[PDB]
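Student: What follows is target27.tsv; its format and atoms are TSV, N, CA and C atoms and all ligand atoms.
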```
chain	number	residue	atom	x	y	z
A	1	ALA	N	-0.56	-6.21	29.73
A	1	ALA	CA	0.37	-6.65	28.66
A	1	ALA	C	-0.33	-7.71	27.80
A	2	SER	N	-1.63	-7.48	27.64
A	2	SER	CA	-2.40	-8.36	26.75
A	2	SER	C	-2.26	-7.76	25.35
A	3	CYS	N	-1.99	-8.65	24.38
A	3	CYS	CA	-1.79	-8.18	23.01
A	3	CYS	C	-2.92	-8.65	22.08
A	4	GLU	N	-4.09	-8.78	22.70
A	4	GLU	CA	-5.28	-9.23	21.95
A	4	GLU	C	-6.50	-8.53	22.55
A	5	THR	N	-7.49	-8.28	21.70
A	5	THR	CA	-8.71	-7.68	22.17
A	5	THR	C	-9.86	-8.24	21.30
A	6	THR	N	-11.06	-8.18	21.84
A	6	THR	CA	-12.21	-8.68	21.09
A	6	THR	C	-13.21	-7.55	20.91
A	7	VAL	N	-13.63	-7.34	19.67
A	7	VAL	CA	-14.60	-6.32	19.31
A	7	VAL	C	-15.82	-7.07	18.75
A	8	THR	N	-17.00	-6.77	19.24
A	8	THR	CA	-18.20	-7.42	18.68
A	8	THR	C	-19.08	-6.40	18.01
A	9	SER	N	-19.95	-6.93	17.15
A	9	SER	CA	-20.92	-6.20	16.36
A	9	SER	C	-22.18	-7.08	16.30
A	10	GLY	N	-23.25	-6.53	15.75
A	10	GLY	CA	-24.48	-7.36	15.70
A	10	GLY	C	-25.31	-6.78	14.59
A	11	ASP	N	-26.64	-6.81	14.78
A	11	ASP	CA	-27.53	-6.33	13.75
A	11	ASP	C	-27.79	-4.84	13.73
A	12	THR	N	-26.89	-4.08	14.34
A	12	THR	CA	-26.91	-2.63	14.39
A	12	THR	C	-25.67	-2.07	13.71
A	13	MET	N	-25.52	-0.74	13.69
A	13	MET	CA	-24.31	-0.17	13.09
A	13	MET	C	-23.38	0.42	14.13
A	14	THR	N	-23.11	-0.31	15.19
A	14	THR	CA	-22.24	0.05	16.29
A	14	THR	C	-21.26	-1.07	16.66
A	15	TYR	N	-20.03	-0.74	17.04
A	15	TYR	CA	-19.09	-1.69	17.60
A	15	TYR	C	-19.30	-1.70	19.12
A	16	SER	N	-18.83	-2.74	19.78
A	16	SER	CA	-18.98	-2.90	21.23
A	16	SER	C	-18.08	-1.94	21.99
A	17	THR	N	-17.05	-1.40	21.36
A	17	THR	CA	-16.16	-0.44	22.00
A	17	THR	C	-15.73	0.56	20.94
A	18	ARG	N	-15.52	1.80	21.34
A	18	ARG	CA	-15.09	2.84	20.41
A	18	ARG	C	-13.65	3.33	20.65
A	19	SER	N	-12.94	2.61	21.48
A	19	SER	CA	-11.53	2.93	21.70
A	19	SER	C	-10.77	1.65	22.01
A	20	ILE	N	-9.67	1.48	21.29
A	20	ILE	CA	-8.77	0.34	21.46
A	20	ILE	C	-7.37	0.89	21.76
A	21	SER	N	-6.76	0.39	22.82
A	21	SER	CA	-5.40	0.80	23.19
A	21	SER	C	-4.45	-0.35	22.88
A	22	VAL	N	-3.41	-0.09	22.10
A	22	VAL	CA	-2.42	-1.10	21.75
A	22	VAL	C	-1.16	-0.83	22.59
A	23	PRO	N	-0.78	-1.77	23.43
A	23	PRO	CA	0.44	-1.60	24.22
A	23	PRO	C	1.64	-1.57	23.30
A	24	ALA	N	2.52	-0.56	23.44
A	24	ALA	CA	3.72	-0.48	22.62
A	24	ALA	C	4.70	-1.61	22.95
A	25	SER	N	4.52	-2.32	24.05
A	25	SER	CA	5.33	-3.45	24.44
A	25	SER	C	4.97	-4.70	23.65
A	26	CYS	N	3.82	-4.66	22.95
A	26	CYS	CA	3.45	-5.81	22.12
A	26	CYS	C	4.21	-5.83	20.82
A	27	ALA	N	4.69	-6.97	20.36
A	27	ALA	CA	5.33	-7.04	19.05
A	27	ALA	C	4.22	-7.17	17.99
A	28	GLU	N	3.15	-7.90	18.32
A	28	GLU	CA	2.05	-8.04	17.36
A	28	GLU	C	0.75	-7.88	18.16
A	29	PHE	N	-0.30	-7.44	17.47
A	29	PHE	CA	-1.56	-7.24	18.20
A	29	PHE	C	-2.68	-7.90	17.38
A	30	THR	N	-3.55	-8.57	18.10
A	30	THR	CA	-4.63	-9.29	17.44
A	30	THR	C	-5.97	-8.67	17.81
A	31	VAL	N	-6.76	-8.43	16.78
A	31	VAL	CA	-8.13	-7.97	16.98
A	31	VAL	C	-9.08	-9.12	16.58
A	32	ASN	N	-9.81	-9.68	17.53
A	32	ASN	CA	-10.80	-10.72	17.19
A	32	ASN	C	-12.12	-9.99	16.95
A	33	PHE	N	-12.86	-10.40	15.90
A	33	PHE	CA	-14.05	-9.61	15.59
A	33	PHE	C	-15.19	-10.59	15.38
A	34	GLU	N	-16.32	-10.35	16.08
A	34	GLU	CA	-17.40	-11.32	16.03
A	34	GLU	C	-18.72	-10.61	15.69
A	35	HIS	N	-19.58	-11.32	14.97
A	35	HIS	CA	-20.90	-10.71	14.61
A	35	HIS	C	-21.96	-11.56	15.31
A	36	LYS	N	-22.58	-10.95	16.32
A	36	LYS	CA	-23.50	-11.72	17.16
A	36	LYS	C	-24.96	-11.54	16.71
A	37	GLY	N	-25.19	-10.93	15.57
A	37	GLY	CA	-26.60	-10.79	15.12
A	37	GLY	C	-27.10	-12.06	14.40
A	38	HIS	N	-28.32	-11.93	13.88
A	38	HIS	CA	-28.84	-13.08	13.10
A	38	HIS	C	-28.97	-12.74	11.64
A	39	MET	N	-28.63	-11.56	11.15
A	39	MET	CA	-28.76	-11.23	9.73
A	39	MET	C	-27.48	-11.55	9.01
A	40	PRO	N	-27.53	-12.02	7.78
A	40	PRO	CA	-26.33	-12.45	7.07
A	40	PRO	C	-25.56	-11.30	6.48
A	41	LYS	N	-24.40	-11.57	5.87
A	41	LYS	CA	-23.55	-10.52	5.30
A	41	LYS	C	-24.16	-9.82	4.10
A	42	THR	N	-25.14	-10.44	3.42
A	42	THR	CA	-25.87	-9.78	2.36
A	42	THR	C	-26.99	-8.98	3.03
A	43	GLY	N	-26.64	-7.76	3.43
A	43	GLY	CA	-27.51	-6.83	4.08
A	43	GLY	C	-26.99	-6.35	5.43
A	44	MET	N	-26.24	-7.19	6.15
A	44	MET	CA	-25.79	-6.74	7.47
A	44	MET	C	-24.36	-7.19	7.73
A	45	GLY	N	-23.55	-7.14	6.70
A	45	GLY	CA	-22.15	-7.55	6.88
A	45	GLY	C	-21.38	-6.45	7.60
A	46	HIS	N	-20.33	-6.86	8.30
A	46	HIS	CA	-19.45	-5.89	8.96
A	46	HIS	C	-18.01	-6.39	8.82
A	47	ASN	N	-17.11	-5.40	8.84
A	47	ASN	CA	-15.68	-5.76	8.90
A	47	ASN	C	-15.00	-4.72	9.83
A	48	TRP	N	-13.69	-4.83	9.97
A	48	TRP	CA	-12.92	-3.95	10.87
A	48	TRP	C	-11.71	-3.55	10.02
A	49	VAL	N	-11.65	-2.29	9.67
A	49	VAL	CA	-10.56	-1.77	8.81
A	49	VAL	C	-9.78	-0.68	9.56
A	50	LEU	N	-8.44	-0.75	9.51
A	50	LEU	CA	-7.66	0.27	10.24
A	50	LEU	C	-6.89	1.18	9.30
A	51	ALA	N	-7.00	2.49	9.49
A	51	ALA	CA	-6.31	3.44	8.60
A	51	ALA	C	-5.90	4.67	9.42
A	52	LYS	N	-4.98	5.47	8.89
A	52	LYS	CA	-4.78	6.76	9.62
A	52	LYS	C	-6.09	7.51	9.50
A	53	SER	N	-6.44	8.31	10.51
A	53	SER	CA	-7.71	9.03	10.52
A	53	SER	C	-7.92	9.93	9.31
A	54	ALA	N	-6.86	10.51	8.77
A	54	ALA	CA	-6.98	11.40	7.62
A	54	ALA	C	-7.33	10.64	6.34
A	55	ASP	N	-7.11	9.33	6.32
A	55	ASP	CA	-7.35	8.53	5.14
A	55	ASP	C	-8.69	7.83	5.14
A	56	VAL	N	-9.46	7.83	6.22
A	56	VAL	CA	-10.70	7.07	6.28
A	56	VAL	C	-11.67	7.39	5.16
A	57	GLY	N	-11.92	8.68	4.93
A	57	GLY	CA	-12.85	9.07	3.89
A	57	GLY	C	-12.54	8.46	2.53
A	58	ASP	N	-11.29	8.58	2.09
A	58	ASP	CA	-10.94	8.03	0.76
A	58	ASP	C	-10.97	6.51	0.77
A	59	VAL	N	-10.51	5.86	1.85
A	59	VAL	CA	-10.56	4.40	1.89
A	59	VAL	C	-12.00	3.91	1.80
A	60	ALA	N	-12.90	4.54	2.52
A	60	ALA	CA	-14.32	4.21	2.50
A	60	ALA	C	-14.92	4.49	1.13
A	61	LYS	N	-14.62	5.62	0.50
A	61	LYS	CA	-15.15	5.90	-0.84
A	61	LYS	C	-14.74	4.86	-1.87
A	62	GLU	N	-13.47	4.52	-1.97
A	62	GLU	CA	-13.00	3.57	-2.95
A	62	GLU	C	-13.42	2.16	-2.61
A	63	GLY	N	-13.36	1.86	-1.30
A	63	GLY	CA	-13.77	0.53	-0.84
A	63	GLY	C	-15.23	0.24	-1.17
A	64	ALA	N	-16.13	1.21	-1.11
A	64	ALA	CA	-17.55	0.91	-1.37
A	64	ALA	C	-17.74	0.40	-2.78
A	65	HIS	N	-16.90	0.83	-3.73
A	65	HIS	CA	-16.94	0.35	-5.10
A	65	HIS	C	-16.10	-0.87	-5.40
A	66	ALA	N	-15.36	-1.41	-4.43
A	66	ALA	CA	-14.52	-2.58	-4.67
A	66	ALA	C	-15.34	-3.87	-4.68
A	67	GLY	N	-16.55	-3.84	-4.14
A	67	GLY	CA	-17.37	-5.03	-4.18
A	67	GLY	C	-17.18	-5.93	-2.97
A	68	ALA	N	-18.25	-6.72	-2.77
A	68	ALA	CA	-18.30	-7.66	-1.68
A	68	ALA	C	-17.22	-8.72	-1.81
A	69	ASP	N	-16.84	-9.11	-3.04
A	69	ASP	CA	-15.79	-10.10	-3.18
A	69	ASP	C	-14.42	-9.58	-2.76
A	70	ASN	N	-14.24	-8.26	-2.69
A	70	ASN	CA	-13.01	-7.66	-2.21
A	70	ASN	C	-13.21	-7.11	-0.78
A	71	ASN	N	-14.24	-7.58	-0.10
A	71	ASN	CA	-14.51	-7.16	1.29
A	71	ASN	C	-14.66	-5.68	1.45
A	72	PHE	N	-15.09	-4.96	0.41
A	72	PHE	CA	-15.27	-3.53	0.37
A	72	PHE	C	-13.98	-2.81	0.77
A	73	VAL	N	-12.85	-3.35	0.29
A	73	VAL	CA	-11.55	-2.71	0.48
A	73	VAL	C	-10.84	-2.79	-0.89
A	74	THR	N	-10.34	-1.65	-1.36
A	74	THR	CA	-9.65	-1.69	-2.68
A	74	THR	C	-8.48	-2.63	-2.62
A	75	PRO	N	-8.33	-3.55	-3.58
A	75	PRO	CA	-7.20	-4.46	-3.58
A	75	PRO	C	-5.88	-3.71	-3.58
A	76	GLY	N	-5.00	-4.04	-2.65
A	76	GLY	CA	-3.70	-3.42	-2.49
A	76	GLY	C	-3.69	-1.99	-1.97
A	77	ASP	N	-4.77	-1.59	-1.30
A	77	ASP	CA	-4.87	-0.23	-0.79
A	77	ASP	C	-3.75	-0.02	0.22
A	78	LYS	N	-2.77	0.81	-0.13
A	78	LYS	CA	-1.66	1.06	0.77
A	78	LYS	C	-2.06	1.88	1.99
A	79	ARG	N	-3.25	2.47	1.99
A	79	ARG	CA	-3.64	3.25	3.18
A	79	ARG	C	-4.24	2.37	4.27
A	80	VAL	N	-4.58	1.14	3.93
A	80	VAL	CA	-5.14	0.21	4.90
A	80	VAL	C	-4.04	-0.52	5.62
A	81	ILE	N	-3.92	-0.31	6.94
A	81	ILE	CA	-2.87	-0.96	7.71
A	81	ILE	C	-3.21	-2.42	7.99
A	82	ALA	N	-4.48	-2.69	8.34
A	82	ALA	CA	-4.90	-4.05	8.60
A	82	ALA	C	-6.42	-4.09	8.43
A	83	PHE	N	-6.94	-5.26	8.01
A	83	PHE	CA	-8.39	-5.32	7.90
A	83	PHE	C	-8.85	-6.76	8.07
A	84	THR	N	-10.12	-6.95	8.33
A	84	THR	CA	-10.72	-8.29	8.32
A	84	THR	C	-11.69	-8.33	7.12
A	85	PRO	N	-11.96	-9.56	6.67
A	85	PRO	CA	-13.02	-9.78	5.74
A	85	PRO	C	-14.37	-9.42	6.39
A	86	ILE	N	-15.34	-9.21	5.52
A	86	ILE	CA	-16.73	-9.02	5.93
A	86	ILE	C	-17.27	-10.33	6.51
A	87	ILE	N	-18.01	-10.24	7.60
A	87	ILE	CA	-18.67	-11.32	8.29
A	87	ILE	C	-20.13	-10.94	8.54
A	88	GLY	N	-20.93	-11.99	8.49
A	88	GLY	CA	-22.36	-11.87	8.80
A	88	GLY	C	-22.66	-12.57	10.12
A	89	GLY	N	-23.93	-12.54	10.51
A	89	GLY	CA	-24.36	-13.13	11.79
A	89	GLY	C	-23.87	-14.51	12.08
A	90	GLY	N	-23.33	-14.73	13.28
A	90	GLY	CA	-22.85	-16.05	13.68
A	90	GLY	C	-21.44	-16.38	13.17
A	91	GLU	N	-20.82	-15.41	12.51
A	91	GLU	CA	-19.45	-15.60	12.04
A	91	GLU	C	-18.43	-14.84	12.87
A	92	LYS	N	-17.20	-15.34	12.83
A	92	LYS	CA	-16.09	-14.75	13.59
A	92	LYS	C	-14.86	-14.63	12.69
A	93	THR	N	-14.00	-13.65	12.97
A	93	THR	CA	-12.76	-13.55	12.17
A	93	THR	C	-11.72	-12.83	13.05
A	94	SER	N	-10.54	-12.57	12.52
A	94	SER	CA	-9.58	-11.82	13.37
A	94	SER	C	-8.53	-11.28	12.41
A	95	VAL	N	-7.67	-10.42	12.96
A	95	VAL	CA	-6.55	-9.92	12.14
A	95	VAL	C	-5.43	-9.65	13.15
A	96	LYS	N	-4.23	-9.98	12.71
A	96	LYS	CA	-3.06	-9.73	13.57
A	96	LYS	C	-2.13	-8.81	12.81
A	97	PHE	N	-1.58	-7.79	13.45
A	97	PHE	CA	-0.69	-6.87	12.71
A	97	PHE	C	0.52	-6.53	13.58
A	98	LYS	N	1.57	-6.08	12.90
A	98	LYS	CA	2.78	-5.73	13.66
A	98	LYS	C	2.63	-4.33	14.22
A	99	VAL	N	2.94	-4.19	15.51
A	99	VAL	CA	2.86	-2.94	16.24
A	99	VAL	C	3.86	-1.92	15.71
A	100	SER	N	4.92	-2.38	15.05
A	100	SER	CA	5.88	-1.48	14.39
A	100	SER	C	5.32	-0.76	13.18
A	101	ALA	N	4.18	-1.19	12.63
A	101	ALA	CA	3.53	-0.49	11.54
A	101	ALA	C	2.85	0.79	12.02
A	102	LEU	N	2.67	0.98	13.32
A	102	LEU	CA	2.03	2.15	13.86
A	102	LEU	C	3.09	3.15	14.36
A	103	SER	N	2.67	4.40	14.28
A	103	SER	CA	3.55	5.47	14.75
A	103	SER	C	2.89	6.18	15.92
A	104	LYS	N	3.72	6.75	16.79
A	104	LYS	CA	3.24	7.59	17.87
A	104	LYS	C	2.91	8.99	17.36
A	105	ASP	N	3.28	9.35	16.12
A	105	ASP	CA	3.00	10.67	15.60
A	105	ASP	C	1.66	10.84	14.91
A	106	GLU	N	0.95	9.73	14.67
A	106	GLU	CA	-0.26	9.73	13.88
A	106	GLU	C	-1.53	9.35	14.62
A	107	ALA	N	-2.69	9.72	14.07
A	107	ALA	CA	-3.93	9.31	14.70
A	107	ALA	C	-4.57	8.19	13.84
A	108	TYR	N	-5.18	7.23	14.50
A	108	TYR	CA	-5.72	6.09	13.72
A	108	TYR	C	-7.21	5.89	14.01
A	109	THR	N	-7.91	5.36	13.01
A	109	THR	CA	-9.34	5.13	13.16
A	109	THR	C	-9.66	3.72	12.61
A	110	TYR	N	-10.52	3.03	13.34
A	110	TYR	CA	-10.93	1.71	12.77
A	110	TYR	C	-12.39	1.92	12.40
A	111	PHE	N	-12.86	1.26	11.31
A	111	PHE	CA	-14.21	1.53	10.86
A	111	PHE	C	-14.66	0.36	9.96
A	112	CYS	N	-15.96	0.33	9.75
A	112	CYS	CA	-16.55	-0.72	8.88
A	112	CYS	C	-16.73	-0.17	7.49
A	113	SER	N	-16.30	-0.88	6.39
A	113	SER	CA	-16.41	-0.33	5.08
A	113	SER	C	-17.60	-0.86	4.23
A	114	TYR	N	-18.44	-1.66	4.88
A	114	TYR	CA	-19.65	-2.09	4.15
A	114	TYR	C	-20.39	-0.82	3.79
A	115	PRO	N	-20.89	-0.68	2.58
A	115	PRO	CA	-21.57	0.52	2.13
A	115	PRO	C	-22.57	1.06	3.14
A	116	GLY	N	-22.33	2.32	3.51
A	116	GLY	CA	-23.20	3.03	4.43
A	116	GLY	C	-22.96	2.87	5.91
A	117	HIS	N	-21.97	2.10	6.36
A	117	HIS	CA	-21.72	1.87	7.77
A	117	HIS	C	-20.65	2.77	8.37
A	118	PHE	N	-19.74	3.31	7.54
A	118	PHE	CA	-18.61	4.02	8.12
A	118	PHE	C	-18.96	5.22	8.97
A	119	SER	N	-20.00	5.97	8.68
A	119	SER	CA	-20.29	7.15	9.50
A	119	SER	C	-20.59	6.88	10.95
A	120	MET	N	-21.16	5.75	11.34
A	120	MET	CA	-21.50	5.44	12.72
A	120	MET	C	-20.61	4.38	13.34
A	121	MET	N	-20.16	3.47	12.48
A	121	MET	CA	-19.35	2.35	12.91
A	121	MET	C	-17.87	2.67	12.76
A	122	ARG	N	-17.36	3.30	13.81
A	122	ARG	CA	-15.97	3.72	13.81
A	122	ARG	C	-15.49	3.94	15.24
A	123	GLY	N	-14.17	3.91	15.39
A	123	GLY	CA	-13.62	4.06	16.75
A	123	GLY	C	-12.19	4.58	16.61
A	124	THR	N	-11.57	4.84	17.76
A	124	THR	CA	-10.19	5.32	17.72
A	124	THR	C	-9.26	4.25	18.25
A	125	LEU	N	-8.08	4.13	17.63
A	125	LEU	CA	-7.06	3.19	18.09
A	125	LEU	C	-5.80	4.02	18.40
A	126	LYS	N	-5.17	3.74	19.54
A	126	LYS	CA	-3.95	4.50	19.83
A	126	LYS	C	-2.95	3.54	20.48
A	127	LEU	N	-1.71	3.89	20.24
A	127	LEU	CA	-0.55	3.19	20.76
A	127	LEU	C	-0.34	3.74	22.17
A	128	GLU	N	-0.35	2.86	23.14
A	128	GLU	CA	-0.15	3.23	24.54
A	128	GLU	C	1.33	2.97	24.87
A	129	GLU	N	2.00	4.03	25.28
A	129	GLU	CA	3.41	4.09	25.55
A	129	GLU	C	4.03	3.00	26.39
B	1	CU	CU	-20.67	-2.71	9.35
```
Now that the file is in, can you turn its structure into structure tokens?
Ligand SMILES: [Cu+2]
Tutor:
Amino acid sequence: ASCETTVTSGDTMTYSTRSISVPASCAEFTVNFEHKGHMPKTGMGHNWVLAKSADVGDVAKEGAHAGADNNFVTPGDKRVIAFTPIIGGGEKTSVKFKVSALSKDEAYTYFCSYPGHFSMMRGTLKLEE
């Protein structure tokens, strides 16, 4: 009944885990995200973006053109359920979201939207009954 999890990244294009389970008993869930590499966000930035799996492609396409100042996420993108800002080496961030925003009928994917990272840096998130 833990309603928090920690996902790390580094100077590669992989997350530390590729599956996150959110307990349906949680009212809110927190994802802590840390970058343990030594390269900065200009060249090796990472973020954690959550969307329904069918929407990842379009969110990633539009987000790549939104710019670093918009964390590579289109401003007001209604397909993004929750996201963190981009972080570089030695930085940490987190995001908390309401578990009621998720449905048991849908599939979800978390991924990094820094240009060129989404194909490898992605995982599945599911609501655990
Ligand atoms: Cu990344």
Student: Can you tell me which residues sit at most 5 Å away from ligand CU 1 (chain B), counting all atoms listed in the file, written as an mmCIF file with N, CA and C atoms, keeping the file's coordinate frame?
Tutor:
```
data_model
loop_
_atom_site.group_PDB
_atom_site.id
_atom_site.type_symbol
_atom_site.label_atom_id
_atom_site.label_comp_id
_atom_site.auth_asym_id
_atom_site.auth_seq_id
_atom_site.Cartn_x
_atom_site.Cartn_y
_atom_site.Cartn_z
ATOM 1 N N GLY A 45 -23.550 -7.140 6.700
ATOM 2 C CA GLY A 45 -22.150 -7.550 6.880
ATOM 3 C C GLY A 45 -21.380 -6.450 7.600
ATOM 4 N N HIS A 46 -20.330 -6.860 8.300
ATOM 5 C CA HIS A 46 -19.450 -5.890 8.960
ATOM 6 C C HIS A 46 -18.010 -6.390 8.820
ATOM 7 N N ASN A 47 -17.110 -5.400 8.840
ATOM 8 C CA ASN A 47 -15.680 -5.760 8.900
ATOM 9 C C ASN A 47 -15.000 -4.720 9.830
ATOM 10 N N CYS A 112 -15.960 0.330 9.750
ATOM 11 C CA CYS A 112 -16.550 -0.720 8.880
ATOM 12 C C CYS A 112 -16.730 -0.170 7.490
ATOM 13 N N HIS A 117 -21.970 2.100 6.360
ATOM 14 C CA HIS A 117 -21.720 1.870 7.770
ATOM 15 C C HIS A 117 -20.650 2.770 8.370
#
```
Student: Looking only at alpha helix (DSSP H) from DSSP on the backbone, list the matching residues of region 29-61 of chain A as a list in words.
Tutor: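 Selecting the alpha helix (DSSP H) positions of region 29-61 of chain A gives residues 41, 42, 43, 44, 56, 57, 58, 59, 60 and 61 of chain A.
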Student: Against region 91-106 of chain A, which residues of region 14-52 of chain A fall within 6 Å? For each one I want the closest pair of atoms and the distance in Å (one decimal), counting only N, CA and C atoms, rows by chain and increasing residue number, as CSV.
Tutor:
```
residue,atom,partner,partner_atom,distance
A:26,C,A:99,CA,5.6
A:27,C,A:99,N,4.1
A:28,CA,A:97,C,4.3
A:29,N,A:97,C,4.1
A:30,CA,A:96,CA,4.2
A:31,N,A:95,C,4.1
A:32,CA,A:94,CA,4.2
A:33,N,A:93,C,3.9
A:34,CA,A:92,CA,4.4
A:35,N,A:91,C,4.3
```
Student: Can you work out the spacing between atom N of residue 115 (chain A) and CA of residue 72 (chain A) in Å, to one decimal?
Tutor: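 It comes out at 6.7 Å.
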Student: Just list the residues in region 2-115 of chain A DSSP gives strand (DSSP E) on the backbone, as a ChimeraX atom specification.
Tutor: /A:4-9,19-23,28-35,49-52,80-83,92-98,108-111
Student: Give the answer as one residue: which of A:120, A:87, A:60, A:20 has the shortest atom-to-atom distance to residue 74 (chain A), using all atoms listed in the file?
Tutor: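 Of A:120, A:87, A:60, A:20, the one nearest residue 74 (chain A), counting all atoms listed in the file, is A:60.
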Student: Please report the interatomic distance between atom N of residue 122 (chain A) and CA of residue 8 (chain A) in Å with one decimal.
Tutor: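 Rounded to one decimal, the two atoms are 11.8 Å apart.
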Student: With distances taken over all atoms listed in the file, which of A:70, A:14, A:5, A:109 is nearest to residue 51 (chain A)?
Tutor: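 Answer, going by the shortest atom-to-atom distance: A:109.
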Student: Rounded to one decimal, what separation in Å do you get between atom N of residue 114 (chain A) and atom C of residue 4 (chain A)?
Tutor: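 Atom C of residue 4 (chain A) lies 22.4 Å from atom N of residue 114 (chain A).
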Student: Give me, as a PyMOL selection string, all polymer residues having an atom no more than 10 Å from residue 56 (chain A), counting only C-alpha atoms and skipping those fewer than 2 positions away in the same chain.
Tutor: chain A and resi 49-54+58-61+79-80+108-111+113+118+122
Student: Can you tell me, as AutoDock Vina command-line options, the centre and edge lengths (Å, one decimal) of the axis-aligned box enclosing all of region 42-51 of chain A's listed atoms after padding each side by 8 Å?
Tutor:
```
--center_x -16.7 --center_y -2.9 --center_z 6.6 --size_x 37.6 --size_y 31.1 --size_z 24.5
```
Student: With distances taken over all atoms listed in the file, which residue among A:39, A:66, A:13, A:73 lies nearest residue 116 (chain A)?
Tutor: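 Closest candidate: A:13.
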Student: Applying 8 Å and only C-alpha atoms, which residues near residue 21 (chain A) remain after dropping the ones on its own chain fewer than 4 positions away? List them as a VMD selection string.
Tutor: chain A and resid 125 to 128
